[PDB]
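In structure tokens, the next block holds one chain alone, the form deposited in one PDB entry.
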């Protein structure tokens, strides 16, 4: 297959953020890592001044600013999710800004199990080494001897396999590492001394001590305090050896501290951010001993206020704090000495859009002008909302809960949105905050006799699921229908069935209990939104979870656990089973094109079924026999089937004489997107390339996949090969390595996919670069103008 992939909207979620003197020794810089993008801003008193953005051939998993001796300004260490490590310097000569790679190399190990807690990257305060935790039982050390041509990275064995967190201690003669780990006894904090000469670990300055059962964060307090702060779920402790200081502030009991940042350079104040957007200040009181060093007296935690759910925090200047968020919009807030009428010391200054995570989306023509618009379910928890995107203008409709599915009814002029809100079983389940499902003009509650014939507790967070009918013009929540207790709504479709001239909202729901591996009960509920009221037209009970549903030529095609079922809408308004297909583990995703059905499985890739009108049954037309974990499937056309798998890869299969080979779906295209694709849809935001498929990912990235002809694909592949030899990659990563299909099982180069971002970068290069890129290319000898026209035509698609 021949396909073309571009990004209509670059990733918006903030994966990391650091502050330091990167562009110059004088100005203060904020560096934000957004998956593959790296944004450099200069912190001025007028706000944030963007100074640069660089694309990265990799997912930035670690980003640390450090400055060894002899450097005028900080260097930047980046490790990618594919284990490309690089040390970068920012040089600005005249009016030309460029990022120079000072060091680069791959630190992947042939063997090793990636850690459950993830990749950890730390740098010694004196810049003696870089410590990486990539696999259980090993700790990689990269020496930082600049007067050398080779940085010899080596592994050191860890007696503790499950390390929770790790930092480098301050004010140590030899590089000391303090980490919280777990063993059958519980969680412990321990310290080692990293010996480069012997390449090993020696006894730490202070002995291990038992920490909280849920201790998860380690903070290395700078001088003069020294030591470490262990933050868990119920208490905050401070360790410096003979000195131990614990506090148990009740305020932090209602959530988990997830991020931290150091405000004062001497460690006096820290900013802490938890999972529900609360911002705290951790204080460290000091006492000056007589003719001696200062020592900690106490720890005080005060609730600064409420922000967006922070993935990371960074204090910029004059009380300004940047809150980088994954599940909501990023933010610049101000810390005020005096609280407001609500007792909040945080006032929002600026907000930065974040469409991620895009869990579902639809393409609708609301203005009826022939140009499509994308309505996406973005965010989660209080940060969840609807995003309306047009040609790139974005409008936000806050929901204050998690939206799951969205489907548009043109006849009713409305949207049906499945939403979820967290509630506490405070005696039933009361609330957590006002949201869309609780502030609807009208509301209703499910009254179903089924499932009446599973324990609870006083404190338990439970999901309450609602179907919201939302007007398409004002986007007000016209109606909210609440489903049964412990019932999760997983799928939502809007269609007309059979000979019935009415348009319905069909919801598939599963009875979810934490103790069960898979649901044993579920419902398909058909509502009709008529004259402002949402009545339950029909209700069908199924023995499983209705993961997906589509309309199949006037019939309902549902996925109940591992079965793909086809129902028909009877004259008496009742779904009747027509046929079943059982050869699945779990049919998560369903698509359709005529009589063909593309079934996505949890771990067995894609399957192609065909409905037999003359036989009234299914048949397995083809199956893809490479087992990979699927997140989304799409039918590009009758022949090609696109799919996305959980390791950030896209693959295109084809319906390939002997009957055995005809029943195999050959993976004719492979690509490493670097994004977790949640949703696929057919449509375009604008009105060589045939077709148009928009996909939405977890990082708030919207991408476009189209089909190419053989000649166009050949020309663009030649252009890619010629560009890779001209475009200077940041970190010196090979584009071929970056785009290679990567999985824990197998790794292969990309085939049948054109990186449209690389192609569109061809317009931004200098004229000499353009001319030497197109040299002896293909026919009439192509010049720069022809390829410029081709690339502009390609760009016109989005």
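Superpose the two forms; the largest set of C-alphas matching within 1.5 Å is the rigid core. Residue numbers count along the first chain shown, from 1.
Asks: Check whether residue 459 goes without coordinates in at least a third of the other compared PDB entries of this protein that model residues on both sides of it.
Replies: Yes; at least one third of the other entries leave residue 459 out.
Asks: For residue 780, record whether it is unmodelled in at least a third of the other compared entries of this protein.
Replies: Counting only entries that model residues on both sides, residue 780 is unresolved in at least a third of them.
Asks: Looking at the deposited sequence, how many residues between residue 656 and residue 657 were given no coordinates in the entry: none, 1 to 3, 4 to 9, or 10 or more?
Replies: Gap size class: 1 to 3 residues without coordinates, per the record.
Asks: Could you bin the unmodelled part of the deposited chain lying between residue 427 and residue 428 as none, 1 to 3, 4 to 9, or 10 or more?
Replies: Gap between residue 427 and residue 428: 1 to 3 residues without coordinates.
Quick note: we don't show the form deposited in another entry, though the next part is all about it.
Asks: Align on the core first; then indicate which of 152, 253, 297, 728 has a CA shift of 2 angstroms or more between the shown form and the other one.
Replies: Meeting the 2 Å or more criterion is only 152.
Asks: Tell me, please, whether between the shown form and the other one the C-alpha of residue 514 is shifted by 2 Å or more, with the rigid core used for superposition.
Replies: Passes the 2 Å threshold, so yes.
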